[PDB]
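Structure record follows, encoded as structure tokens.
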Amino acid sequence: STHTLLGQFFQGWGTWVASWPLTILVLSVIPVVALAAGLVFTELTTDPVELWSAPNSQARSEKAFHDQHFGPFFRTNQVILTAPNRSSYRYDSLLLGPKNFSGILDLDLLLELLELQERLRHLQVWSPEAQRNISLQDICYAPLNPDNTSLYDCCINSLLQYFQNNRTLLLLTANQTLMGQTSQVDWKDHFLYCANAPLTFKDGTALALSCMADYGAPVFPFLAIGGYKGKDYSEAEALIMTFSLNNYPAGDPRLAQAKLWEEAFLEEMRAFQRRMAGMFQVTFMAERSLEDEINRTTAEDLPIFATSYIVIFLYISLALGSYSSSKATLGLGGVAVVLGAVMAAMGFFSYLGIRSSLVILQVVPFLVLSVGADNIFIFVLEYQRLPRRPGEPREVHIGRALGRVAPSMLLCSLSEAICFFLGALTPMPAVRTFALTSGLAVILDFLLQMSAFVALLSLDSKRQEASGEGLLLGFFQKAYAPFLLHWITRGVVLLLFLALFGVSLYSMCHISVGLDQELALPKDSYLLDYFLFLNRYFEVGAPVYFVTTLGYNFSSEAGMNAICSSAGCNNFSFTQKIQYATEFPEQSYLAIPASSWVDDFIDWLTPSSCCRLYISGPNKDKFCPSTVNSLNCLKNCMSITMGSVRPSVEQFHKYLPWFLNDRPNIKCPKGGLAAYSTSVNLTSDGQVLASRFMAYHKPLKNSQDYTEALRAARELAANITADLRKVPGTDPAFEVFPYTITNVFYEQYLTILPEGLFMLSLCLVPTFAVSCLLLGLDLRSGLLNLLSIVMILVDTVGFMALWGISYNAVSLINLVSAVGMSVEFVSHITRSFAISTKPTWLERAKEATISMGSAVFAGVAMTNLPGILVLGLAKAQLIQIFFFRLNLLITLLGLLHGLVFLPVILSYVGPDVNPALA
Ligand SMILES: *[C@@H]1O[C@H](CO)[C@@H](O[C@@H]2O[C@H](CO)[C@@H](O[C@@H]3O[C@H](CO)[C@@H](O)[C@H](O)[C@H]3NC(C)=O)[C@H](O)[C@H]2NC(C)=O)[C@H](O)[C@H]1NC(C)=O
Ligand SMILES: *[C@@H]1O[C@H](CO)[C@@H](O[C@@H]2O[C@H](CO)[C@@H](O[C@@H]3O[C@H](CO)[C@@H](O)[C@H](O)[C@H]3NC(C)=O)[C@H](O)[C@H]2NC(C)=O)[C@H](O)[C@H]1NC(C)=O
Ligand SMILES: CCCCCCCCCCCCO[C@@H]1O[C@H](CO)[C@@H](O[C@H]2O[C@H](CO)[C@@H](O)[C@H](O)[C@H]2O)[C@H](O)[C@H]1O
Ligand SMILES: *[C@@H]1O[C@H](CO)[C@@H](O[C@@H]2O[C@H](CO)[C@@H](O)[C@H](O)[C@H]2NC(C)=O)[C@H](O)[C@H]1NC(C)=O
Ligand SMILES: CC(C)CCC[C@@H](C)[C@H]1CC[C@H]2[C@@H]3CC=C4C[C@@H](O)CC[C@]4(C)[C@H]3CC[C@]12C
Ligand SMILES: CC(C)CCC[C@@H](C)[C@H]1CC[C@H]2[C@@H]3CC=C4C[C@@H](O)CC[C@]4(C)[C@H]3CC[C@]12C
Ligand SMILES: CC(C)CCC[C@@H](C)[C@H]1CC[C@H]2[C@@H]3CC=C4C[C@@H](O)CC[C@]4(C)[C@H]3CC[C@]12C
Ligand SMILES: CC(C)CCC[C@@H](C)[C@H]1CC[C@H]2[C@@H]3CC=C4C[C@@H](O)CC[C@]4(C)[C@H]3CC[C@]12C
Ligand SMILES: *[C@@H]1O[C@H](CO)[C@@H](O)[C@H](O)[C@H]1NC(C)=O
Ligand SMILES: *[C@@H]1O[C@H](CO)[C@@H](O)[C@H](O)[C@H]1NC(C)=O
Ligand SMILES: *[C@@H]1O[C@H](CO)[C@@H](O)[C@H](O)[C@H]1NC(C)=O
Ligand SMILES: *[C@@H]1O[C@H](CO)[C@@H](O)[C@H](O)[C@H]1NC(C)=O
Ligand SMILES: *[C@@H]1O[C@H](CO)[C@@H](O)[C@H](O)[C@H]1NC(C)=O
Ligand SMILES: *[C@@H]1O[C@H](CO)[C@@H](O)[C@H](O)[C@H]1NC(C)=O
Ligand SMILES: *[C@@H]1O[C@H](CO)[C@@H](O)[C@H](O)[C@H]1NC(C)=O
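In PDB author numbering, the protein residues as written are 332 to 656, 664 to 805, 824 to 1274.
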């Protein structure tokens, strides 16, 4: 038979290893030390948040195209101020009637915010790598002037940009006698005017102030104030101040300069928070802030987690005693064989240049320990329970006791390694390396404890020469087994577990898919207050870019008519569809309509002294800008007296680069480089390669909102690209896709549910087939522990839905490690039933419960409890939610099915009594 060959081979190998104890022990730990010595050579940790995105997916290929053709998305540094204990007040405007003002909108707070903003603009950091102070101008994102980049050209959005950050303009006052009403027009009137019409160059009040920021572009009200509802901007309860910086690829030396400045920004806002405790209530965030708040507690929690090894050392050599009136070296050997394998499997990957993560250094050594000492108890308890035959050496006895139990050990370890390796097909790189390291650690643990631990046990066995049945074996399990096999409980348990399975089957349909970003940070984190204020007070989400890939013409009148929204444009166009989709912002997750450069280019070509050509001179026809008050510019770019003015193909190639460099002013606010300078890529001749259109999501709170917004945006872009291909001239493969800064993270949840069912169902096939081959499990009890594993998975999914654990890529690998761990709870009990010889099924189930049930409870259920309970106090919600709540719920469910349900079900439909003398 296939079973008896393997057991007959393991009996020879163990008795050979026990005859050379010192040689096999020293010769095995040498490769373990050689593998674990690579923890210093190329041990590198991948700190960014690109450990959470598949690099060969569609969402990362769209990011590569947008980064190639337009440059990467800018970094963000935000502060959200609130005045909690300030009362609102009434104010009567000269143009808007009575209007109530919130407590935050006051001069006494706006002046303090102006002082803080002007101090942040002059910050400087001493760069160690490049010997020079880093100023804000060198790394700020300036849309209107990227070449010179003076200190006042940086993009800084706030409410004080309406007044251009001038303290004298903020305190300005005028007396307007409108309609026979002498009313003091103040800054609040100008703020009310700029909130309704942000693209204003002269205010429509008595004080004729401007309305646009000092860097040139107009600022919209949803980037300055927040917390309103509708269009009453005077009731705003929050103030926003955003600093945006240039983003570079990771190899660039400017990235270290840009991240160096944000540390000084965070220190300055911490000083502002401490200095203004009784006036404001600030919450802040830098672009580097989420990257270092995630892996901040990796080196802080390891010494707390290292006491699990001491507890598992103390648990062995107290439950393995022969206490009459201690096996302390066996516990040290069990700890060293588990500790050696983890360091060897972790350091082998460092040689190959595979970068580790935070989860590898936090759950790997305390999850391998929970399934690494599992075979040690099953070997040592079988060594002491098998009595020595008369006149035989200790080596043959150790070989016989090893050969009787080791195929179940090989089956459990190989099922563990198969489930970890098969579960490493997830696209996310943080979970792939964790599964690969856990699989290699489990395989090295199985090799180490079958070659070195047997030699250590043979060495310890000799020692007892120089220097009752216990209590757990017979004094409890011979007074619990009649309880469980009483004929009233034997029917009650059989329907109670069935009702539990049915209730979990109903309750697993209320599960939620997706991992919130609030559940990744430590509990005493400052970013949680920022995420609370962001979800409560903002009125728009992240920006959306509807990128158009190369292939569209853009130069024909048939091409422009499918994009524009003005007069003489086709119905259901690009901008028309994006305009329509924001009228129902619950189906489509858009809040602001798309701003199209083609419409502003068509409006800019209308002859209103905004595009003019020289009549004659030294410069005949090159360009007359808007800032020229001369008599030689009486010639429009386009002609006059047509409806739906569309430029020719020659005129489109000529007038377009002048439009994308024109700076808006009082005599020409029609458009230019304030918004569309970086939204269009031009070729060498002047042909448009690719463009992009800007729109804003609605506020996305949870992680399902991000997935629904991404799916709705991709569906709307699919409708737009379907309609755009019918225009004559555009070639196939032209597509319009929506690009957002957070689509790489949340694109996995579109199709993680079919991926989870396939990968989980693919692990049951090499758990039942291999169990029927390495063991004597033929067919009746072969598909019974599979039923136990399916019940364990369904009950775990139901309780995971009930507790409030979302189903994501982190929890999916824990379920795959549970299907490889539940074989350990049921294969030992089922195999002991199969080799039983008793008259009736009830006594066979009683013998199976007494013999291996006590060993399974004392070495498989109490061995992983120190390794799992230590993670419950872990400082990070991801480790404390997915690797503690899930694993604790699997060990209790796995113990409760493999020790109360499997013996009861085996006394009804168990396999027949084979003689089995071979
Ligand atoms: C409009 O699109 C153009 C075409 O993509 C952009 O020009 C591209 O800029 C890329 C970055 O400079 C180039 O990639 C580089 O290619 C060289 C040569 O192979 C490599 O050594 C570099 O490593 C590689 N850059 C990286 C970091 O991958 C493209 O080759 C280049 N393509 C063309 C046609 O010139 C324009 O940048 C874009 N317009 C603007 C101003 O953004
Ligand atoms: C975007 O659409 C434009 C309008 O459909 C295209 O412009 C057309 O390009 C044609 C060449 O491919 C021009 O044909 C030439 O015109 C001259 C002068 O009238 C004639 O001799 C011929 O018809 C032809 N050249 C030859 C063979 O001598 C069209 O005149 C021109 N149409 C317009 C309105 O100007 C663009 O080509 C298209 N852009 C792209 C991406 O190709
Ligand atoms: C293995 C576990 C570790 C991996 C888990 C990773 C969790 C998910 C990581 C999300 C990372 C990106 O996180 C996202 O960053 C952007 C940076 O623009 C923030 O967005 C910020 O900038 C945009 C645009 O400038 C503003 O509109 C926004 O209000 C502001 O918060 C998002 O609010 C944040 O959600
Ligand atoms: C802030 O605004 C004030 C007032 O507009 C600016 O001061 C003016 O400067 C011009 C140019 O020299 C003078 O002609 C005006 O008479 C000044 N007005 C007053 C009342 O002082 C001031 O320059 C602005 N500050 C900045 C930094 O732009
Ligand atoms: C053929 C002659 C030389 C007899 C001696 C052969 C012995 C010394 C060789 C043959 C197979 C070898 C074993 C093969 C596998 C392992 C697992 C590894 O993780 C530790 C070393 C260990 C345990 C080797 C020890 C040395 C070994 C036992
Ligand atoms: C009982 C537990 C801690 C056993 C695990 C020990 C090893 C595998 C763990 C514990 C502490 C960890 C180290 C903590 C800090 C660093 C510094 C970093 O720049 C490189 C990785 C490195 C060197 C880690 C490597 C892995 C590590 C050495
Ligand atoms: C980094 C990327 C781009 C390269 C490919 C990495 C992944 C997909 C590759 C590299 C090594 C591969 C693994 C190599 C070994 C095994 C064990 C086998 O029993 C199942 C497949 C499995 C688990 C492979 C899965 C796919 C795998 C993990
Ligand atoms: C079935 C086995 C594992 C027995 C243990 C089940 C226990 C640990 C599980 C099952 C149901 C769970 C509870 C379900 C509901 C809540 C409400 C929540 O706001 C706090 C946690 C709490 C109170 C859970 C605590 C843990 C819990 C009690
Ligand atoms: C402003 O708020 C107060 C709160 O009571 C409300 O009574 C008042 O009517 C509001 N002002 C206007 C113009 O409605
Ligand atoms: C700027 O750099 C110079 C030379 O390194 C240094 O003396 C000066 O102190 C730096 N500026 C600040 C703000 O310290
Ligand atoms: C930008 O501006 C400064 C000051 O006008 C000028 O001297 C410098 O040459 C310019 N540099 C670039 C790269 O545009
Ligand atoms: C008009 O307003 C000014 C400044 O606000 C004030 O000083 C002056 O008294 C007012 N003039 C009249 C005629 O009331
Ligand atoms: C606002 O005032 C209340 C009442 O005095 C006080 O309890 C609270 O701490 C104050 N908050 C801040 C941020 O000053
Ligand atoms: C939609 O198209 C039709 C036919 O091209 C046109 O008559 C109508 O004016 C367009 N838009 C509407 C419905 O106003
Ligand atoms: C595109 O597909 C259908 C057909 O035009 C349309 O009903 C649907 O509303 C469009 N998609 C979106 C996101 O509106």
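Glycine is no exception: its CB is placed at the ideal position from the N, C-alpha and C atoms.
Where the beta strand (DSSP E) through residue i begins and ends
i, result
"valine 1036", "1036 to 1038"
"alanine 1051", "1050 to 1053"
"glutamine 507", "505 to 508"
"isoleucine 435", "Segment: none, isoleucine 435 is in no beta strand (DSSP E) and carries neither H nor E."
"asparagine 464", "463 to 466"
Where residue i falls: helix, strand or coil (DSSP)
i, result
"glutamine 455", "strand"
"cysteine 980", "strand"
"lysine 1026", "coil"
"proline 1259", "helix"
"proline 634", "helix"
"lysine 430", "strand"
"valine 896", "coil"
"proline 1094", "strand"
"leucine 1229", "coil"
"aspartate 1268", "coil"
"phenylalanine 1239", "coil"
"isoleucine 1246", "helix"
"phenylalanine 401", "helix"
"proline 584", "coil"
"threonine 997", "coil"
Bridge partners - residue i, DSSP secondary structure assignment
i, result
"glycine 557", "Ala569"
"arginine 406", "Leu576"
"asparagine 1021", "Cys1024"
"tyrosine 908", "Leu906"
"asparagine 476", "Partner(s): none; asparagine 476 has no beta bridge."
For residue j and residue i, the rounded distance between their alpha carbons
i, j, result
"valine 697", "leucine 375", "14 Å"
"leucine 827", "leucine 366", "42 Å"
"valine 676", "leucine 774", "17 Å"
"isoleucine 1076", "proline 403", "24 Å"
"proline 703", "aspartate 783", "12 Å"
"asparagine 917", "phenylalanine 1008", "14 Å"
"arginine 452", "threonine 413", "21 Å"
"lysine 1023", "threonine 983", "7 Å"
"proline 580", "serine 952", "28 Å"
"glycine 897", "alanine 569", "16 Å"
"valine 903", "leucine 1140", "55 Å"
CA nearest to the CA of residue i, picked from the options
i, options, result
"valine 348", "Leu795, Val516, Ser694, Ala804", "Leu795"
"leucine 785", "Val1260, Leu1248, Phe341", "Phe341"
"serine 922", "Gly999, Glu1180, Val1216, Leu1168", "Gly999"
"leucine 426", "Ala537, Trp1014, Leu856", "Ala537"
"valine 371", "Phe687, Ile487, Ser424, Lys519", "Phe687"
"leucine 586", "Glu1006, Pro379, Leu1142", "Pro379"
"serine 1033", "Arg1081, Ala1089, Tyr1102, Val954", "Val954"
Opening and closing residue of the alpha helix (DSSP H) in which residue i lies
i, result
"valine 363", "352 to 367"
"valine 1212", "1197 to 1212"
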